[PDB]
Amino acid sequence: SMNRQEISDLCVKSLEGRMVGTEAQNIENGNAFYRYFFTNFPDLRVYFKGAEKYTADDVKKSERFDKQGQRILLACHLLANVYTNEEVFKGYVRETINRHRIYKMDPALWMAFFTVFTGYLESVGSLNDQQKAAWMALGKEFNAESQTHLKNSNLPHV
């Protein structure tokens, strides 16, 4: 069924209630991702040097994660809104990968994120099998390129 264009629409809709901004509610969506991420996937807190043991409250009243939650949420809207333009989509992912090499992540998490993120959108407002499948379509596309680039950069890949 799913072509480049249809995936986008789907993904963008999922996020239309989780819009980025400068206001309290806009800052909440950002912060809330890490609250959920840290609660249910606490073993990945390692990469977050110093936040490696943060409880849901520590993140809630933090400014590091009000900055970092706003950055991740703005990244995820970016992926949804440019997916239609393949070469640029692949471009952005390569940049994501580069700015992540410093933490030297486990090269399977590039898939895992969308479990967390769909699991986060499924935790805040609403979702569906069509939307969640599009995110996974974007994920396969993300990881598809993410590995190609990891093996291209002489780096740990699967």
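Start at 1 with the first residue shown and count on from there.
Annotation for 85-93 versus 22-30: the higher mean temperature factor (C-alpha) is found in 22-30. If you average the C-alpha B-factors over 107-115 and over 124-132, the higher value belongs to 124-132. Ranked by C-alpha B-factor against the other modelled residues of its chain, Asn40 falls in the middle third. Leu150: CA B factor in the highest third of modelled residues in this chain (values from the PDB entry).
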